[PDB]
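Trainee:
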Amino acid sequence: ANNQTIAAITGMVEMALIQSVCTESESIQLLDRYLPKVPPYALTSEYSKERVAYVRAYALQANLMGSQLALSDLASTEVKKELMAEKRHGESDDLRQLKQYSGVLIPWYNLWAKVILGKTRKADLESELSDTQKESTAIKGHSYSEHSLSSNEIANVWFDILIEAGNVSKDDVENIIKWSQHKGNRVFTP
Amino acid sequence: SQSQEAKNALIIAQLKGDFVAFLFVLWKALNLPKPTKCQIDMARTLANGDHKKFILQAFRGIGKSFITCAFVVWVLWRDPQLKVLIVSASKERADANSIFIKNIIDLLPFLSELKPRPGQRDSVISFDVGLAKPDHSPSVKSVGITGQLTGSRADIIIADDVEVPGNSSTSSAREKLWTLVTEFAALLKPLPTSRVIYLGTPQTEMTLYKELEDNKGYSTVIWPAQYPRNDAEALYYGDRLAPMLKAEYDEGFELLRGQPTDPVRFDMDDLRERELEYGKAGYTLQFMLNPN
Amino acid sequence: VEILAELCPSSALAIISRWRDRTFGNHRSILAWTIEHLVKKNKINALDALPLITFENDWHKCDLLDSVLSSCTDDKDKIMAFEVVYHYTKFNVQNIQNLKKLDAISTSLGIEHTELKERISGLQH
Amino acid sequence: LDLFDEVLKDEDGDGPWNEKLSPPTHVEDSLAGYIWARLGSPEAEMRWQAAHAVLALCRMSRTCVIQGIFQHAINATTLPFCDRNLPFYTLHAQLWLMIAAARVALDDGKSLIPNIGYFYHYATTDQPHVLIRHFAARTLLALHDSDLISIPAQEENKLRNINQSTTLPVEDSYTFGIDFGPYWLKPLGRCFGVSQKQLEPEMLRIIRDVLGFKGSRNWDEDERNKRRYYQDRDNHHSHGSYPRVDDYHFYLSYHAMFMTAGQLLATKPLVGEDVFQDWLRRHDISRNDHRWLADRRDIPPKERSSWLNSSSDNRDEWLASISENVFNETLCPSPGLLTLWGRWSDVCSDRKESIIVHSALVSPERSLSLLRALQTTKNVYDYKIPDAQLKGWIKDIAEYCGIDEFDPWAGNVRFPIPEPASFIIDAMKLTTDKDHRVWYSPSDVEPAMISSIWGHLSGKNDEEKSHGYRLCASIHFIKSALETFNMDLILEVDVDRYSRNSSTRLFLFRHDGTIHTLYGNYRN
Ligand SMILES: Nc1ncnc2c1ncn2[C@@H]1O[C@H](COP(=O)(O)OP(=O)(O)OP(=O)(O)O)[C@@H](O)[C@H]1O
Ligand SMILES: [Mg+2]
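Protein chains in written order, with PDB author numbering: chain D, 889 to 1078; chain A, 2 to 293; chain S, 1206 to 1330; chain G, 1523 to 1692, 1702 to 1803, 1810 to 1925, 1937 to 2049, 2065 to 2087.
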C-alpha cells in the first residue's frame, strides 16, 4: 500500500506543464504508461492513503484528452451495469461508498484541471465556483457523521484553485474562513 | 312514496358498490369531519382486490385503525360467509378493536341485520355474524401476537402494526417475532381469492416490513408526512411512493419541496414541535420513513 | 478500591454511590470488593453485609456464610443465613464444590434438603 | 496530593470541596443511604433488586439499618449519595419503599412497628397521590389483620374505602406527545366523560407548581440524555407499554397523572358496578393475593435421557429422524406419574426441541371411534382438542401481566399456570398451598398433581435458554377420576426440532390401566 509512484509522476507532469518544458503527446504517453485500466481498490476506502492521487490523475488524464471526468469512468463492472439499469428502486452499498468517498470530488478536480491547462481563467471564475459548490452538494446527501474527511479535502482543493488562478485577494480567503464556520465544515490543523 | 323507496334501493346498492361513500356515511354518523385526501387514497388502495401480498406504510396518527375497522365491517356487509383474522400487538389493542367493530355494527341502521342468532358465541375474542351458518371457524377472530394463533384457517389476514418497542428490543424477541410472522402463511386457505395485508410503521433499523419485501416477494406502498426534503432524500423511493405524491412531485418539484402532504390536519408548526419532542433521527424514522 | 475503603468506610460508601450516578466504573464489581474488604478487616458486621447479595455481582457467597457461621452463636441466625443464601443461589448454575459445601453446612445445621441431594447427584459425572 | 492542583479543573469529579458533601458518622447510615439512592434509580431492575434487599433485611433483626432507611425516607435526603448535576427521582424511591413494606407486612411484620407513624402520614384522603395512599392502606390493614396492632372501627372503615367516589352528590407550550396523551390520559378521562384537552390545565399546574419544573418540552432538557447515558432506545415506548428506562419527562407525566386523578374523586361523579378499580389495577402488581411473581418460580426439571444421549448425533439427520422413544419420555416423566398438560422448549448451542401436550375426556364407547377419527386427517393445525361427547378438562395459562414483570428474580413467569377446572376440584375435594404448587386428595398421602414453571429474563444481545411450564399427576388419581366421572382419556403430543447457529401422536388411556394407539397397545 501507499505506493508513491503515481504522486511523484503527477508532480513531475504538473511541473513540466507549468514551465512549458514538454508537449502534451509526451504527457499522454507517460500517464498512459502508469494509470491502471481496471479501477484500483482505493477509490472506495476513506482511509486509504492513495485515493486523492488517483482522483487527481484520472481527472488530469481526462481533461488532457478534451473530456470531462464522470462517475462512470471510475466505476467497476458491476456498478457500471447498475448505472445502465432503469427500473431500480434499490441502490447498492458499494455504489453509495463510491458516491460518498469519491463522487463529491469529481466537480472540483475538473475545475482544477481546467485552470491548470489555461482553459478557464480569472475573469469568469466565480460563476464556475458557485455552480461547483452546488453540483457537489447535490451529490453529497446525508453526512450524518461528524467524522467526515471531505470538508478538509474540499478546503485544500479550493485554496489550490485560488492560488493557481493568480491575483488573489484577502476577501477570497476570508470566504473560505467563513465557509468553515458552519457545522460539519471541519478543517484540521495541518 | 315510491321515490323514497327508489332512493333507499339505490343508496343501499351504492354503499355496497363504493367504499368511499361508505366512509363518508360512517364518518357523518360518528360526527367526524370529512376524510382527507391521503385517507381516501389509502382506503381506495386497500379496497382493490388485485393486491394479494401487500404492505402499506404511513406516518403516525393518520387513521389506520379506523380504516381497518370500516374495511372489515364493509367486507362482511357484502359477504357474511368470509373468515377474517385480525392480529395486533397486545391484548389491550385486540379488545379495543373488537369493541369498536361491535360499536360500528350497532351504530348504522342496516348493519343491525348482522347481529348474531341464538347459539351466538358473541365473545370479545371471536364471534359470528348472524347470516353465517353454524360452522367450525368463526367469522371474525381478534388476537394478539403472543396469543392463540393455532386452530383455524383464514381467508383474509390483517396485521395491525405488530412490531413495537415493547416486543422487539432484544435478539430473542426479534427472532421469536420473525418466526411468528413467517409462520402465518400456512393458516391461509388455498383458494385464489385469499389475501393478507400488513399496516404499520417501522420502529428500528431492522424491520420485518423490509424482510418480507426483499426475500418473500411482497409488494409495498409508502405515504410520507411531507414531500421530499432534498434531492438525495427523494432518490430513496421511486417505485415506493404513492402515485398521487409522485405524480405531483414530478412537476412542481421546486415549489413542492418539503411541503406537508395533508395540511388540513398537520400544518408546518404542528410538525415542528414533533421535531422538538424527538431528535432529527427519530423524526426521519417515524414521519419520513427513511431509516438511516 | 480496597485502600480507599480501608482508610475511611463511611466516606467510601458515599463516594462509590456517586460514581454509579456518573457511570464511572460500571463494568467492574466495585461493591463486592468494598464490602468483602470491610468484612475482613472487622469494620462491618457480617450479618449486615449478607443481605446485599441481591445486587448482582461476583460475590464469594461461601466466604460470607463462613464469616457468619464463625461469628454468631444464636441458633436462629445461622438457619436464617443458610435460607437466604440458598434461595438467592438456587436459580443459576454452579459447580459441585459449592453444592457439597452447602450440603455439609446443612448437615451441621440439622436439615436434609433432598432437593440439594438430587441436584448434586445430577452432576456427579 | 497537592501536586495535581495545576491540572485539576472544575467538572473533574464533583467539583471543589464543599461541606454539603460530608458523610454521616456511623457506617450503617451510609449503607442505608446507598440502598436509598438505589431505590430511586431510573432503571427498573435496580429498583426491584433494592426492594429485595429491603425485604431480606426485614426478615432479620437488623434494626439499625432499617431505622436509617426510614430516617432517610422521612428527611428526603438527596445529595451526599447523589450527583450534584443530575436530577433525582424521589417519588419513585418512596413508591418502591411502600411496595417493599406492603410485602414485608404479610408474613411477619413486627420489624415495621417502631416506624408506624410513617404510614399514618400517607393513608389519608388529603394526600392526593393515589398509589401511595393505596399501598400505605394495604400495609396498615395487613398489620391489623395479624393482631400486631389494633385499629378503631371507624378508622378501619375509612381505610377500607380510601378510593371511593364519595363526592357523588356534587400560554404554556408543554405538550403530552403522540403516545402518552392518547394511550394514557384518555382512558382516565373516559371514567368521567372528560376528554384529555379538558384535563391538561390541571396537569400543567401540577408540573409547574408542585414538581417544580419550569423549562420546555425539548429532548435535551434531560442531562442524562444530553450526555448519552441512555442507549439503544431503552427509553422508548408506545401503545401503553412501559419503558425499560424512565427519562425525565416520563417521570413528570407519570406522577402528575396520579396526582390529577385524586382531584376528580373529590369533585366529580363517575360514569358507569365500579369502573375505577378496573382502571387502577392496570398499574398494579400482578397477583390478587398480594404475593409476588418471584414466589412462583421453580428450578428446571431433570432432563430427558434421549436429549443427553442424542446430543452427540450429526445434525442434518437429527433434524429429520425423530424416534418413537421420545414420546415415551414425554407422557411419563417418572414412574407412577403422567404429564397431563404442558408446553416447553429445550435449548443447546446448536439445536432446540419443542414439546406440546394436550388431554381431554371422551365418552367410553365413542372414544374407540375418536381414536381412529383424529389420526385420519390431512392436517393437525386445523383442529383442536379442547379445554375448559368430547369435553374439556384443564384451563390454560393466563395472558395478563403486572408491573412486577421487570423483576430480575422472577424469570418472566406468569401466575395462573394450568390447573383443573372448578368442577374437578369440587367433585374430588382437592386442597392446595398458597401458590398452587401441590394438590392433595381427601383420602391419600401421595400428591394428586404437581405443577411447575421455569425460565430466565433475557438481557440485551444474549442467547435464549430453556424455559416452560408443566402439570403432572399420579396414576392412582386419574384412575379414580375416570371411575367416578365414568369417561375415557384421550391425549396428544407434538415434538418438533430446530437448528441454531414435527412428529405428532395421540394415546388413549383406559381405567383398566391400558394405553391404546392406532398402531399398538401399551401397559405398565
Ligand atoms: N379526518 C379526521 N379528522 C379528525 N379526527 C380524525 C380524523 N380521522 C381520524 N380522526 C381521529 O384521530 C384518531 C386517528 O385514529 P387512530 O388513532 O386510530 O390512528 P392510527 O393510524 O391507528 O394511529 P397510531 O399511528 O398512533 O397508532 C382517532 O381518534 C380518530 O377518531
Ligand atoms: Mg393506531
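All C-beta atoms in this analysis are idealised placements derived from N, C-alpha and C, irrespective of residue type, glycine included.
Can you name, in chain order, every residue of its own chain whose Cβ lies under 8 Å from the Cβ of D/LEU999, other than the five neighbours on each side?
Mentor: Within the same chain, D/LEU999 has close Cβ partners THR1008, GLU1016, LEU1017, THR1020 and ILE1049.
Trainee: Distance cutoff 7 Å, beta carbons only. Does A/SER4 sit that close to anything in chain G?
Mentor: Closer than 7 Å: no.
Trainee: Report yes if the CB atom of G/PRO1564 is closer than 7 Å to the CB atom of G/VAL1776, and no otherwise.
Mentor: In this structure, G/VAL1776 lies closer than 7 Å to G/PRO1564 by Cβ.
Trainee: Using a beta-carbon distance below 7 Å, is G/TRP1855 in contact with chain A?
Mentor: No, because no Cβ of chain A sits closer than 7 Å to the Cβ of G/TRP1855.
Trainee: With a cut-off of 6 Å, give the chain-ordered residues whose Cβ is closer than this to any heavy atom of ligand 1.
Mentor: Working through the chain, the matches are A/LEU33, A/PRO34, A/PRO36, A/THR37, A/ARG61, A/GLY62, A/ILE63, A/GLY64, A/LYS65, A/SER66 and A/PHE67.
Trainee: Tell whether a beta-carbon distance below 7 Å holds between G/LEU2071 and G/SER1900.
Mentor: No, these two residues do not count as a Cβ contact at 7 Å.
Trainee: I need the DSSP call for S/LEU1314, collapsed to helix, strand or coil.
Mentor: It is helical.
Trainee: By the three-class DSSP mapping on this structure, what secondary structure does A/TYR238 have?
Mentor: In this structure, A/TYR238 counts as coil in the three-state DSSP scheme.
Trainee: Would D/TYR989 pass as an interface residue toward chain A - the criterion being a Cβ-Cβ separation below 7 Å?
Mentor: Answer no: the Cβ-Cβ gap between D/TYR989 and chain A never drops below 7 Å.
Trainee: Nearest-angstrom Cα distance between D/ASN1040 and D/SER1024?
Mentor: One C-alpha to the other measures close to 14 Å.
Trainee: Return yes when the Cβ of G/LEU1653 is within less than 7 Å of the Cβ of G/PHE1789, no when it is not.
Mentor: In this structure, G/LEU1653 lies closer than 7 Å to G/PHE1789 by Cβ.
Trainee: Between G/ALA1659 and G/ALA1675, is the Cβ-Cβ spacing less than 7 Å?
Mentor: Cβ atoms of G/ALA1659 and G/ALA1675: not closer than 7 Å.
Trainee: Given that a residue counts as buried once 16 or more other Cβ atoms are within 10 Å of its Cβ, and exposed if not, what is A/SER170?
Mentor: That one is buried.
Trainee: Closer than 7 Å, CB to CB, is A/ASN293 near chain D or not?
Mentor: Yes, A/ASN293 counts as interfacial toward chain D.
Trainee: State yes or no: is the C-beta of G/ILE1738 within less than 7 Å of the C-beta of G/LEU1795?
Mentor: Not in contact: G/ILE1738 and G/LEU1795 (Cβ atoms no closer than 7 Å).
Trainee: What residues in its chain sit with their C-beta under 8 Å from that of G/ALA1595, if we drop five residues either side in the sequence?
Mentor: Answer for G/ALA1595: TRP1558, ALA1615, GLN1616, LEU1619 and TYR1640, listed in chain order.
Trainee: For G/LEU1665, which residues from the same chain have a beta carbon less than 6 Å from its beta carbon, with the 5 sequence-adjacent residues on both sides left out?
Mentor: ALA1627, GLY1631 and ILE1671, listed in sequence order.
Trainee: How about A/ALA187 and A/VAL88: do their beta carbons lie closer than 7 Å?
Mentor: Contact: no.
Trainee: Along the region 86-117 of chain A, what residues have a CB closer than 8 Å to any CB found in chain G?
Mentor: So the list reads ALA90, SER91, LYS92, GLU93 and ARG94, given in the order they occur along the chain.
Trainee: Quick check: the region 1987-1997 of chain G against the region 1948-1964 of chain G, are at least 3 beta-carbon pairs closer than 8 Å?
Mentor: Touching, no, given that fewer than three Cβ pairs across the two stretches are closer than 8 Å.
Trainee: Could one say the Cβ of D/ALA958 lies closer than 7 Å to chain A's Cβ atoms, at least one of them?
Mentor: Chain A contact via Cβ: absent.
Trainee: Please report the straight-line C-alpha distance between A/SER172 and G/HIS1768, rounded to a whole angstrom.
Mentor: Rounded to the nearest angstrom, the two C-alpha atoms are 18 Å apart.
Trainee: Assuming the contact rule is C-beta atoms closer than 8 Å, D/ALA930 and D/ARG939 should be a hit. Round their C-beta distance to whole Å, please.
Mentor: Their Cβ separation, rounded to whole angstroms, is 5 Å, which keeps D/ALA930 and D/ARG939 in contact under 8 Å.
Trainee: Is DSSP giving G/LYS2008 helix, strand or coil here?
Mentor: Three-state result, G/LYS2008: coil.
Trainee: In angstroms, rounded to a whole number, what distance separates the CA positions of S/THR1312 and S/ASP1282?
Mentor: Going from the Cα of S/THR1312 to the Cα of S/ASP1282 covers about 16 Å.
Trainee: Quick one: what's got a C-beta closer than 8 Å to A/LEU83's C-beta in the same chain, skipping five residues either side?
Mentor: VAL76, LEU77, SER140, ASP156 and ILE157.
Trainee: Among A/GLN227, A/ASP270 and A/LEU272, which one has its Cα closest to the Cα of A/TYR250?
Mentor: Looking at the Cα atoms, A/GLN227 is the closest of the given residues.
Trainee: Could you list the residues in the region 1980-2010 of chain G with a C-beta less than 8 Å from some C-beta on chain A, going in chain order?
Mentor: Those would be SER2006, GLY2007, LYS2008, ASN2009 and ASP2010, in chain order.
Trainee: Interface residues of chain A around D/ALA1026 at Cβ under 7 Å?
Mentor: What D/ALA1026 touches in chain A: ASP232.
Trainee: At a cut-off of 6 Å, is A/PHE185 close to ligand 3 when judged by its beta-carbon and the heavy atoms of the ligand?
Mentor: No copy of ligand 3 occurs in the structure displayed; its ligands are ligand 1 and ligand 2 alone.
Trainee: S/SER1275 versus chain G: which residues are under 9 Å apart at the beta carbon?
Mentor: None at all; the shortest Cβ gap to chain G is about 18 Å.
Trainee: My assumption, with CB atoms under 8 Å, is that G/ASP2075 sits in contact with G/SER2065. Please give the rounded CB distance.
Mentor: The Cβ separation is near 32 Å, so there is no contact.
Trainee: Just the Cα atoms here: how many angstroms apart are G/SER1970 and G/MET1976?
Mentor: Going from the Cα of G/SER1970 to the Cα of G/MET1976 covers about 10 Å.
Trainee: Could you check what DSSP says for G/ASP2044 in three-state terms: helix, strand or coil?
Mentor: G/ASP2044 falls in the strand class under three-state DSSP.
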